[PDB]
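Have a look at the structure below before the remarks.
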Amino acid sequence: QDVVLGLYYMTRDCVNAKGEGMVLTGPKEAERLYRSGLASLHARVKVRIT
Amino acid sequence: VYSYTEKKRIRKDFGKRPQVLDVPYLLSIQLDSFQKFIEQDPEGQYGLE
Amino acid sequence: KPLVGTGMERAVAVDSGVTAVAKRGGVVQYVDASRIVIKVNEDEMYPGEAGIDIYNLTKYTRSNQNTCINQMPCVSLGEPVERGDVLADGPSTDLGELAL
Amino acid sequence: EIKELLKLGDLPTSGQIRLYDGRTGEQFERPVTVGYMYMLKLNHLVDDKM
Amino acid sequence: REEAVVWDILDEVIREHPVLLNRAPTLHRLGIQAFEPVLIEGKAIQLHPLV
Amino acid sequence: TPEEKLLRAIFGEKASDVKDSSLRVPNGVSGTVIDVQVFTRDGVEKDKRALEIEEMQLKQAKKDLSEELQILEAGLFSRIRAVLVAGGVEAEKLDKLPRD
Amino acid sequence: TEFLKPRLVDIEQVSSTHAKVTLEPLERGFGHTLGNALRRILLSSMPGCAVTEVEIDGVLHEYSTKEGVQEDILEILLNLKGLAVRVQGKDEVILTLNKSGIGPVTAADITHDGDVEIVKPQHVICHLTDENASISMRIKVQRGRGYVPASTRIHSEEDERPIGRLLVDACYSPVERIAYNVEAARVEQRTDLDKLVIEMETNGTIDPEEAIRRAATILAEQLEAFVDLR
Amino acid sequence: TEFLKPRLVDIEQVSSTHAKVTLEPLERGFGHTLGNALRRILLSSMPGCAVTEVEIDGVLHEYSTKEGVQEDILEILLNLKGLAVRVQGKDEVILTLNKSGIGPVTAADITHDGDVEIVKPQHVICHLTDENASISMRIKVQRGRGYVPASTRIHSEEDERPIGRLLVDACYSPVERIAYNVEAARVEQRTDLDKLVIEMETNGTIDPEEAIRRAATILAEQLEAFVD
RNA sequence: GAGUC
């Protein structure tokens, strides 16, 4: 149910949206951006991940 | 064209068809049957008779 | 009052018979949260007895399921009513209507 | 006929509005369905059933 | 007489005491499971969504 | 038990040959005692509580039926006033004069 | 690097219940941060005055019926909790309602005491039928924050009240509906300035300005703790 | 009228970068009031210093590959956004990196410079493979607030940049991660009030604790108007 | 008499 929903929502990818083609040095920055509302979770993006 | 209680609260009917005859007094079954038990009717062979 | 009804809520209330309905209609003489006394239309009034209809209301008794049984008077004093007007409501009832 | 009423209420035709989360103040990323519904409390009381 | 010190000590006994939850029907072995219970006021019991 | 025998002696409260049978509120539930009814036996004599509550019933019965008669009476007399006012204009010395 | 200092600016009062207040200048982000914090605190921690206790004579308990009286006991109770009160210096007072004869009782019929003020004098309390019917009652009104029902006083009830006295649930928080709106604010040149727009409706009680200021203050005190101890 | 005053309890520094602080006890729903408001400012209003632009001689655009360097321009760009710096009085500072030969190029190889303090000496920047591979450049560091991408600066810039002036996304905020859990605290008898447990990750230089104090401070300054 | 799957 709800757990699924939340997870599916985040994983799903959408056309451009806010900040398509940004570049992040690691995950924590992602979250900061989302929480400031200048980045949607659905945006396709380039991240450096270990 | 409605009574005082209805004037006080008219609900907007969307019903596209007119109920012709009225919704009969639902709890009539019981009274009618029981009333038959006591019915003073010489010929009508029911209940007491 | 149920905002989204079928119209059927009026009939449900009326038939349950836990409300008080007006036998004759006319004008309300006395209103109490306990008694509703009504003076009849001279049109309808019997030349046998007086034209005074009495409704002692039942207030706050125990139902079988531990529920409360509370009647509330609906009309106000000196108000006009006709035959079959809803005078006092049972507990789950608004002005005429079923209020579950 | 229902949507017609919604117009007369000056509301959204789908009956959805953008809402703010009372915790964060973050808006919900999708407008949500609201409205008034008729509710009932059942005879089943945790009071007695404890 | 339900004193507040009563609750403090109760909590201490309840600490690391696992209690068992059961639902009907008990179909397979997981119809009964053990949890560390934690006290809440209110009359309903709270369960983990996962189970 | 022997232990209880000695102890009785020690604190010295003998306590008469009786058991507490009193009706208590079940735990978890709590509220307001709204009304109490008692049913005395026919044989045994009434309790003061018994009398005062049955006296209440008297008062209530009386008041209810008294006011029943009074309001009914007033309506009937007022109805007779409608027939005497037709073929017999008199409003100043009828009213101010007695009823029956 | 120069941080901004936002001031209290516009203070409109529409209805006795309603009031609008703008606070510029605001920078980005603080609009929303403050918007939410405000609301929370406003509702739960607004000290208000509401009816706490009641004695009506010849009435033992809430469920029975007194002749002459339109409403039920319970329903009149309900009317009175909602009635809007301004107390001066004292924390708890007892007003007298004494009225006789034909007609409806407004709050106005309550015989007026010096320090006390009734914000909504025209509030419907009870309708008086029979001419010889009159009522006397003593209604206690107290100060308090948030929501304290009568049942939580029986909760720690060392005040075992005499029977006849009827304790009332208190809706203390005077704030009935409350919201904020972060809109762009007119600085004659500065583009990066926003205003916080405070939409507010309350049951009369607390004055718009006064309310807000007291809000901010009580908030601030909590802020002391974190900043001072490391 | 009874306000609650809480006090500081637990302060576990799992590492210098990461600190968990548990705080009791808070009045009902103020857990969230305070939790969120703090979070917001923490990240998105936080003034800081760091890298804005770069000029490498013989690297006049950001997409080509110079032989010898493993990483792309693009990649090393982002590594360097993260590197942490201490300024004193000055607003605008240009640091110089000259380095040759085999090895990972580390923060230490930058010119020390008086007022400047280098925080993370160990931070890898690029890997130079053969010894013939040499790199020279100037990295510009400004003071600003929060986080501004290249796209937002290009918005209103009449300042036309030159040949191979290489703008990078500016990460001024040293605050990396911040979140709050609210478990109902239960002080003896009153159950209703709640705990605020606050997890904080920051970029090394500034200690977690000091972050806190500063946040609340900025808050308070605005509050001046409305206390009196 | 009604709850659960």
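Identifiers for the structure tokens are assigned positionally: chains receive A, B, ... in sequence, residues are indexed from 1 per chain, and ligands are indexed from 1 in the order shown.
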
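Here the DSSP assignment of helix (DSSP H, G or I), based on backbone atoms, applies within chain D to residues 2, 3, 4, 5, 6, 7, 8, 46, 47, 48 and 49 of chain D.
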
Mind checking which residues fall within 12 Å of residue 30 of chain F, counting only C-alpha atoms (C1' of nucleotides), ignoring those fewer than 3 positions away in the same chain, and posting them as a PDB file with N, CA and C atoms, in the first residue's frame?
ATOM      1  N   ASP D  47     -14.166   1.277  24.301  1.00  0.00           N
ATOM      2  CA  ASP D  47     -14.483   1.442  25.735  1.00  0.00           C
ATOM      3  C   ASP D  47     -14.869   0.126  26.375  1.00  0.00           C
ATOM      4  N   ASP D  48     -15.888  -0.488  25.789  1.00  0.00           N
ATOM      5  CA  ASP D  48     -16.391  -1.744  26.289  1.00  0.00           C
ATOM      6  C   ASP D  48     -15.493  -2.912  25.843  1.00  0.00           C
TER       7      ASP D  48
ATOM      8  N   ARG F  24     -21.433  -1.889  42.939  1.00  0.00           N
ATOM      9  CA  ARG F  24     -20.383  -0.923  42.620  1.00  0.00           C
ATOM     10  C   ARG F  24     -20.327  -0.627  41.119  1.00  0.00           C
ATOM     11  N   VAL F  25     -19.814   0.542  40.761  1.00  0.00           N
ATOM     12  CA  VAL F  25     -19.607   0.890  39.361  1.00  0.00           C
ATOM     13  C   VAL F  25     -18.501   0.027  38.766  1.00  0.00           C
ATOM     14  N   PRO F  26     -18.818  -0.674  37.674  1.00  0.00           N
ATOM     15  CA  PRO F  26     -17.815  -1.443  36.961  1.00  0.00           C
ATOM     16  C   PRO F  26     -16.680  -0.540  36.484  1.00  0.00           C
ATOM     17  N   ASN F  27     -15.459  -1.061  36.545  1.00  0.00           N
ATOM     18  CA  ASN F  27     -14.274  -0.270  36.223  1.00  0.00           C
ATOM     19  C   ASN F  27     -14.055  -0.014  34.727  1.00  0.00           C
ATOM     20  N   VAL F  33     -25.106   9.755  37.538  1.00  0.00           N
ATOM     21  CA  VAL F  33     -26.353   9.104  37.881  1.00  0.00           C
ATOM     22  C   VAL F  33     -27.495  10.063  37.669  1.00  0.00           C
TER      23      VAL F  33
ATOM     24  N   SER G 151     -13.742  17.033  31.611  1.00  0.00           N
ATOM     25  CA  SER G 151     -13.350  15.667  31.961  1.00  0.00           C
ATOM     26  C   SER G 151     -11.903  15.521  32.447  1.00  0.00           C
ATOM     27  N   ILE G 154     -12.050  16.492  36.220  1.00  0.00           N
ATOM     28  CA  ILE G 154     -12.367  15.304  37.024  1.00  0.00           C
ATOM     29  C   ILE G 154     -11.179  14.319  37.036  1.00  0.00           C
ATOM     30  N   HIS G 155     -10.363  14.327  35.973  1.00  0.00           N
ATOM     31  CA  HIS G 155      -9.062  13.630  35.877  1.00  0.00           C
ATOM     32  C   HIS G 155      -8.219  13.847  37.180  1.00  0.00           C
TER      33      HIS G 155
END

Closest contacts (chain A/chain D, max 10 Å, only C-alpha atoms) as CSV:
residue,atom,partner,partner_atom,distance
A:35,CA,D:26,CA,8.6
A:36,CA,D:26,CA,9.3
A:37,CA,D:26,CA,8.5
A:40,CA,D:29,CA,9.2

Notebook entry, point to check: Mind listing as a ChimeraX atom specification which residues of chain G are within 12 Å of chain A, counting only C-alpha atoms?
Noted result: /G:28-30,32-33

Selection from above, C-alpha atoms, as a compact mmCIF listing (two decimals), in the first residue's frame, can you write it?
# COMPACT_ATOMS: atom_id res chain seq x y z
CA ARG G 28 13.27 34.13 0.86
CA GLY G 29 12.51 31.02 2.77
CA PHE G 30 11.60 32.78 5.96
CA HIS G 32 7.22 29.83 4.82
CA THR G 33 9.33 28.99 7.89

Checklist line | chain E contacts to chain D at 10 Å (only C-alpha atoms) as number ranges by chain | finding: E: 42-45

Give me, as JSON lines, each residue of chain C that comes within 10 Å of chain F, together with its shortest interatomic pair and the distance in Å at one decimal, counting only C-alpha atoms, with rows ordered by chain and rising residue number.
{"residue": "C:29", "atom": "CA", "partner": "F:71", "partner_atom": "CA", "distance": 10.0}
{"residue": "C:30", "atom": "CA", "partner": "F:71", "partner_atom": "CA", "distance": 9.9}
{"residue": "C:37", "atom": "CA", "partner": "F:71", "partner_atom": "CA", "distance": 9.0}
{"residue": "C:39", "atom": "CA", "partner": "F:75", "partner_atom": "CA", "distance": 8.2}
{"residue": "C:42", "atom": "CA", "partner": "F:79", "partner_atom": "CA", "distance": 9.6}
{"residue": "C:47", "atom": "CA", "partner": "F:79", "partner_atom": "CA", "distance": 9.9}
{"residue": "C:49", "atom": "CA", "partner": "F:76", "partner_atom": "CA", "distance": 8.1}
{"residue": "C:50", "atom": "CA", "partner": "F:76", "partner_atom": "CA", "distance": 5.1}
{"residue": "C:51", "atom": "CA", "partner": "F:75", "partner_atom": "CA", "distance": 7.0}
{"residue": "C:52", "atom": "CA", "partner": "F:72", "partner_atom": "CA", "distance": 6.4}
{"residue": "C:53", "atom": "CA", "partner": "F:72", "partner_atom": "CA", "distance": 8.8}
{"residue": "C:54", "atom": "CA", "partner": "F:68", "partner_atom": "CA", "distance": 8.5}
{"residue": "C:56", "atom": "CA", "partner": "F:64", "partner_atom": "CA", "distance": 9.8}
{"residue": "C:60", "atom": "CA", "partner": "F:34", "partner_atom": "CA", "distance": 9.5}
{"residue": "C:61", "atom": "CA", "partner": "F:35", "partner_atom": "CA", "distance": 9.8}

Create the file for the chosen residues now, containing N, CA, C and O atoms and written as a compact mmCIF listing (two decimals), in the first residue's frame.
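Okay, out.txt is ready:
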# COMPACT_ATOMS: atom_id res chain seq x y z
N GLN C 29 -49.79 26.56 20.80
CA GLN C 29 -50.07 27.34 22.03
C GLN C 29 -48.91 27.35 22.99
O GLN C 29 -48.52 28.41 23.49
N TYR C 30 -48.38 26.16 23.31
CA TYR C 30 -47.30 26.13 24.30
C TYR C 30 -46.17 25.22 23.86
O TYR C 30 -46.39 24.13 23.36
N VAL C 37 -48.07 21.91 23.05
CA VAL C 37 -49.51 21.96 23.01
C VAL C 37 -50.00 22.82 21.88
O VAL C 37 -49.54 23.96 21.66
N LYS C 39 -53.20 24.25 19.33
CA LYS C 39 -54.60 24.65 19.10
C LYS C 39 -54.98 24.44 17.64
O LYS C 39 -54.35 24.99 16.72
N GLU C 42 -60.02 25.54 13.30
CA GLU C 42 -61.47 25.44 13.46
C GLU C 42 -62.15 24.61 12.36
O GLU C 42 -63.22 24.00 12.58
N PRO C 47 -66.84 18.89 16.91
CA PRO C 47 -67.86 19.39 17.86
C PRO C 47 -68.13 18.45 19.05
O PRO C 47 -69.05 18.69 19.84
N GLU C 49 -65.25 16.77 21.38
CA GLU C 49 -64.28 17.23 22.40
C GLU C 49 -63.67 18.61 22.06
O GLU C 49 -63.97 19.20 21.02
N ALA C 50 -62.82 19.14 22.96
CA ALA C 50 -62.16 20.43 22.74
C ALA C 50 -61.07 20.33 21.68
O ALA C 50 -60.55 19.24 21.39
N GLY C 51 -60.71 21.46 21.10
CA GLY C 51 -59.72 21.43 20.04
C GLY C 51 -58.30 21.58 20.54
O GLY C 51 -57.60 22.47 20.12
N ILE C 52 -57.86 20.72 21.43
CA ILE C 52 -56.60 20.94 22.06
C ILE C 52 -55.84 19.65 21.97
O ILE C 52 -56.19 18.67 22.63
N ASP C 53 -54.81 19.63 21.14
CA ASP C 53 -53.98 18.44 21.08
C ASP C 53 -52.65 18.55 21.83
O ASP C 53 -51.94 19.57 21.78
N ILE C 54 -52.36 17.47 22.54
CA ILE C 54 -51.33 17.42 23.56
C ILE C 54 -50.18 16.53 23.12
O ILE C 54 -50.39 15.38 22.72
N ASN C 56 -46.90 15.31 25.06
CA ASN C 56 -45.81 15.17 26.04
C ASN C 56 -44.63 14.44 25.38
O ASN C 56 -44.81 13.37 24.83
N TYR C 60 -34.78 11.58 27.14
CA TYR C 60 -33.64 10.98 27.82
C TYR C 60 -33.93 9.66 28.54
O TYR C 60 -33.68 9.52 29.74
N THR C 61 -34.44 8.69 27.80
CA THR C 61 -34.52 7.35 28.39
C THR C 61 -33.58 6.33 27.74
O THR C 61 -32.97 6.59 26.69
